[PDB]
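S.K.: In the first instance, please consider these chains from the complex; the rest will follow:
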Amino acid sequence: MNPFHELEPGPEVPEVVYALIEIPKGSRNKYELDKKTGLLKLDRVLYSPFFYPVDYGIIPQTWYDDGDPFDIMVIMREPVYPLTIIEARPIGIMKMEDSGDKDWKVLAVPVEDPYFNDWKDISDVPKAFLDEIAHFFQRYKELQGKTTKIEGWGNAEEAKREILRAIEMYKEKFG
Amino acid sequence: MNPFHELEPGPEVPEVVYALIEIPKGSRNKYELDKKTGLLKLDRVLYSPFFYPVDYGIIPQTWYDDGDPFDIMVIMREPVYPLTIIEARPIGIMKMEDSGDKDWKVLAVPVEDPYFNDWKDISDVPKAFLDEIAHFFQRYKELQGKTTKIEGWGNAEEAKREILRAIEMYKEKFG
Amino acid sequence: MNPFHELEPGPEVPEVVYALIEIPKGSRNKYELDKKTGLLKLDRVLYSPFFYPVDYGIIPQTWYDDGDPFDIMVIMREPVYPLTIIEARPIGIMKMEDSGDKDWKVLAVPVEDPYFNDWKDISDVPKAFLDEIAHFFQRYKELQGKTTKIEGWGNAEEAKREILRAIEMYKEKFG
Amino acid sequence: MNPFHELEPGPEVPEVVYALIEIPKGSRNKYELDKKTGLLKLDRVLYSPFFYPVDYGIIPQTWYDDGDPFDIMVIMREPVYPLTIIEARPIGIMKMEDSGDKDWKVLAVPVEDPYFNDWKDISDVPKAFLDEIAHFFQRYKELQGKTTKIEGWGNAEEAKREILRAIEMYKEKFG
Amino acid sequence: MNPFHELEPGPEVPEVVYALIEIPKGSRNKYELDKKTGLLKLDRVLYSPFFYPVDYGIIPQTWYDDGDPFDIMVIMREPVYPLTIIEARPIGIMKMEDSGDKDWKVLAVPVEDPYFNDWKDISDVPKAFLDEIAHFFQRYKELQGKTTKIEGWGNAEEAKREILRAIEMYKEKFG
């Protein structure tokens, strides 16, 4: 029972996808779905006193250029628990490379929080909030000798194209 | 692996049942067991700044008039995590309709918290605490245009009859 | 010393005011400044499982129609501690009556959280969030038999005029 | 100003007293009012992984056999912040000796939490909860080599007589 | 899907084992893996206001003298969620009997928290921290009439011998 393989990418792809959350906002512990058992695993404790600024996880049945499930960041007011599924509306995409392939990350809002009803595109997000997320990813591995370049942000349409591409990559890899 | 179908309704039905908790007390996020995978899912974020006043979930292998597993509310001092099983003693039952069928909810205490040892019936609960729970359910969907009528509270015996009825409903539906 | 009397209403009244916080967002306990002494006092525990949706306090050296210091609600991502001073930009005002008294409340954002840099008027707030604040005040005293009437929301300009009026009422009262 | 000296012992002594809280329920840090100044001070960190089971503080303008202000324990569902004033109804008293000193402690409920409306005497408290409070004081200083003797619990009447006695000791000491 | 049987004892036994956490540090609720379904279950609420001083759980595919999976205590700065796997370096072992067979417990640190990089043996732990853990286990069931004798602490080498013995016990019992 590995929810990464068992759940479909979403109920109305790519307008609404499922986000399987691994890390709640506010966590300094970096969790991930164990590849084998699908249990939650501690990947590492961040080397710096930083916390995930968003609920962070993966879209089920996706694969990406970086050889991982496609990352998704969901803006939740109250963080969820790890392994919670959220119906999420993609509104943009963070463009970054940590190495050699794209490690881009979808930015999304919960469909079922009315607070975010008018958040439909990247332009709807407060600039300082985008800058805080980009900064987190730019620096959170700095003490691990890792450097990352944030290229910028793409819009909702680009996010949705990339989601479809990641769904196709998963089908091509696993069938 | 869906714990709703896999776990028995309880170790000594209906004097002690299992409560599979979906929502810890204090949550504004309304979680539920995903029908298909049995993973935790965000159903919605409550539209108002209210929090679940009890640990809330379902009794495994039950079905009810409203076409859902039978709801159970467990009074915990320290909330549990979602998907935690609690051995629970039914002490009463909240009578309400949100629509057209009974959406009644068992009120229970943890067998293994000695704080609640003398809580055996509805009359053992502070009146204001019952009124706070009823009020939560009366108003928590008010901004979703939903109206609910709380009829009142039934006693431990009535709660136990309803649990047995819900166990029979599940057997009749699924076998 | 009593901070309600010792602090000025703000550093750039009424464009920027001091909010002296009594109740952090997420509190079910209703604290209030004892103007006998400067000390935080538990006014009551809310009768329902509701939490303050905003950091809630008073503007120093103000008074109001309801015989209290003028209320201010500050939108904070991370709640502050009681008795914390926040430099706040008024962006609107909630118009409500409590138990027959005009009991309006300023809505404001923290000047020094860049997240809110572009919140400058009431139209900048998500409608669902305004609705949730109003609903809270509509229902939080319902089990206490008290009645509130929410009239609606005024804009930043009206909030600022009310601030000036409340500043004069303090002079009228104590001066 | 020093709130231990500036506040009265209560608004309706000894039926209702002020509890000036030093330690919120759930704290492992042992705070205490610095009666040099009014300020909260870290007295120590408990040597064991135990937490205060009650909101713990002092009654203003009291003194006691052990050379401290008279201790009061308030049963709060949601803990208050340190230095919060609570209007408290004494319902009993814990009789204990600390390091050879009479060090009894009032047990009280908040007047303004309707949850506790019918708690008026020591027989209203769950026995397991009384046991847990006593056990905490029995063992919390064990790694510090200190010995405590818990004698038992007295009723509301005895608590109130002790409150009056402690009020007179303050006059004897400072008056 | 029972993670106790499904996961291997560790990636580099016995230098690095997997710790499947049942109870996060700070919990008063005592959780355990349900024997049958492998869901988290509330075993009991501790009878005293004590909290687990470490993240507590089991090593997968182990069995011990006491007829349970072998216990492991992991020192985490930020507690994990129940059912999280942690790669853990054994540094010592708490020797205790609660009854008649050894109920010894491995003490470990997370490999992937650099804070603990130089914690490799029992001598690396602050004495007061060992004393706090031993005290917790000595007293936490005191109100349940249970008495426990803490014998002392063994070193990293002894911990590793015992882990290997527990791995062999599991193979002998289940195959």
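M.R.: Done, it's in. Numbers count the residues shown, from 1 in each chain, chains lettered A, B, ... in the order given.
S.K.: how about stretch A:104-113 against chain B, any contact?
M.R.: Yes. Judged by Cβ under 8 Å from any Cβ of the partner chain, stretch A:104-113 and chain B are in contact via A:110, A:112, A:113. All C-beta atoms are positioned from the backbone trio N, CA, C, and that covers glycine.
S.K.: how about the nearest residue to the second one, chain neighbours excluded?
M.R.: When the adjacent residues along the chain are set aside, residue A:112 lies closest to residue B:44, with 4.0 Å between them (Cβ to Cβ, 6 or more residues apart in numbering or on different chains).
S.K.: Give the bridge partners for the one you found, please.
M.R.: Counting by DSSP bridges, residue B:44 is bridged to residue B:30.
S.K.: That one contacts residue A:113, doesn't it?
M.R.: Yes. If you go by Cβ atoms under 8 Å, residue B:44 and residue A:113 touch, sitting 7.4 Å apart.
S.K.: returning to that earlier point: could you report the neighbour count for the residue nearest to residue A:112?
M.R.: Other residues within reach of residue B:44, judged by other Cβ atoms under 10 Å in any protein chain shown, total 18.
S.K.: same question, the one 3 residues further on
M.R.: With neighbours defined by other Cβ under 10 Å, the count for residue B:47 comes to 22.
S.K.: Could you do the one 3 residues further on as well?
M.R.: Counted with other Cβ under 10 Å, the neighbours of residue B:50 add up to 25.
S.K.: again, but for residue A:45
M.R.: Residue A:45: 20 neighbours (other Cβ under 10 Å).
S.K.: doesn't residue E:111 make contact with it?
M.R.: No. Applying Cβ under 8 Å, one finds residue A:45 not in contact with residue E:111, separated by 10.1 Å.
S.K.: Tell me the secondary structure at the closest residue to residue A:48 other than its chain neighbours.
M.R.: Excluding its sequence neighbours, the residue lying closest to residue A:48 (Cβ to Cβ, 6+ apart) is residue A:143, at 5.8 Å. Put simply, residue A:143 is helix when judged by DSSP: H, G, I helix; E, B strand; the rest coil.
S.K.: and what of residue A:136?
M.R.: Classified using three-state DSSP, residue A:136 is helix.
S.K.: Report the central residue of chain A.
M.R.: With distances taken as Cα atoms, centre = their mean, the residue of chain A nearest its centroid is residue A:72 (1.8 Å).
S.K.: dump the residue contacts of the closest residue to residue A:34 other than its chain neighbours.
M.R.: Nearest residue to residue A:34 in three dimensions, chain neighbours excluded: residue A:41, at 4.4 Å (Cβ to Cβ, 6+ apart). Counting by Cβ atoms under 8 Å, 6 or more residues apart in numbering or on different chains, residue A:41 touches A:31, A:32, A:33, A:34, E:84, E:85, E:86.
S.K.: closest to residue B:63 among those residues?
M.R.: residue A:33 (31.5 Å; Cβ to Cβ).
S.K.: add chain F to the structure above:
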Amino acid sequence: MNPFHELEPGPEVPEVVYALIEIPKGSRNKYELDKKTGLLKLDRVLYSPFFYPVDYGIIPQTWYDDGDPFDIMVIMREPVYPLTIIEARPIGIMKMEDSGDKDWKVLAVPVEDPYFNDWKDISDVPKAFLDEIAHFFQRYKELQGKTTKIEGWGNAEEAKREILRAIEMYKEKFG
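M.R.: Placed with the earlier chains, chain F looks like this:
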């Protein structure tokens, strides 16, 4: 009264100093004592999702090259509340420049937490923890366009000399 002016620098200067805490570990809100009044004020919300890695405050009756009270960082397992006094043993000093000003900060442990009994100098601190504190100050104002230079860490002896120097600067400034 203003605790920065009313409290002495410590009970056994400079071996033991008072730390007046402004910011609890784990805070993203940057609080500071308003030396206009004694009151806690929100200075800003950090622009990045970082949290203070230490309990952060000032030493009473000190002043410094940067025109502020001398900064002190206290390593607390459980964070204290703002405005809490902690008796602290200096063990080292972080040497850094903020915006062109010498802005060094004492590192200290609480005298009354036995966990830290053997932390008496800078070599007693895990290197990763020193690195995480420095990194925090290296990057926490990066989105604010401010530059900091971390020089390194000095030992307990140097910290204590700096404390004496800062005590004299307060006399120079106010005396």
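S.K.: The nearest residue to residue A:48 again please, this time with chain F.
M.R.: residue F:135 (4.7 Å).
S.K.: what's the spacing between stretch A:84-94 and its chain's center?
M.R.: Stretch A:84-94 sits 7 Å away from the centroid of its parent chain (Cα atoms, centre = their mean, to the nearest Å).
S.K.: Please see if that stretch touches chain C.
M.R.: No. Applying Cβ under 8 Å from any Cβ, one finds stretch A:84-94 out of contact with chain C, separated by at least 14.1 Å.
S.K.: related to what we said a few turns ago, and the residue nearest to the centre of chain A, what are its bridge partners?
M.R.: Beta-bridge partners, per DSSP bridges, of residue A:72: residue A:57, residue A:106.
S.K.: can you give me the helices for chain A?
M.R.: A:3-6, A:127-139, A:156-174 (DSSP state H).
S.K.: ok, and what's touching the first one?
M.R.: For helix A:3-6, the surrounding residues in contact (Cβ under 8 Å, 6+ apart) are A:20, A:33, A:38, A:58, A:60, A:61, A:69, A:83, A:85, A:174, B:37, B:39.
S.K.: go with 6 Å
M.R.: A:20, A:33, A:38, A:60, A:69, B:37, B:39 (Cβ atoms under 6 Å, 6 or more residues apart in numbering or on different chains).
S.K.: Show me what counts as buried in that helix.
M.R.: With burial defined by 16 or more other Cβ atoms under 10 Å in any protein chain shown, the residues of helix A:3-6 counted as buried are A:3, A:4.
S.K.: Write out the residues of chain A neighbouring chain E.
M.R.: A:1, A:28, A:29, A:37, A:39, A:40, A:41, A:42, A:44, A:45, A:47, A:82 (Cβ under 6 Å from any Cβ of the partner chain).
S.K.: And those, which two are furthest apart?
M.R.: Across those (Cβ to Cβ), the longest gap, 32.6 Å, separates A:1 and A:47.
S.K.: and residue A:87, what does it touch?
M.R.: A:16, A:111.
S.K.: Could you do residue A:126 as well?
M.R.: residue C:115.
S.K.: Residues of chain A that sit close to chain C?
M.R.: A:114, A:115, A:126, A:128, A:129.
S.K.: Surely the second one is in contact with residue C:127?
M.R.: No. Distance between residue A:115 and residue C:127: 9.2 Å, which falls outside the contact criterion (Cβ atoms under 6 Å).
S.K.: Tell me which of the two has more neighbours.
M.R.: residue A:115 (19 against 13).
S.K.: For the residue in chain A positioned nearest to chain D, give its distance to chain F.
M.R.: As assessed by Cβ to the nearest Cβ, chain D sits closest to residue A:78 within chain A, at 16.8 Å. Per Cβ to the nearest Cβ, to the nearest Å, residue A:78 is found 16 Å from chain F.
S.K.: what about that residue, neighbour count?
M.R.: Around residue A:78 there are 17 residues (other Cβ under 10 Å).
S.K.: Hmm, it is touching residue B:27, no?
M.R.: No. The criterion here is Cβ under 6 Å, and residue A:78 misses it with residue B:27 at 7.2 Å.
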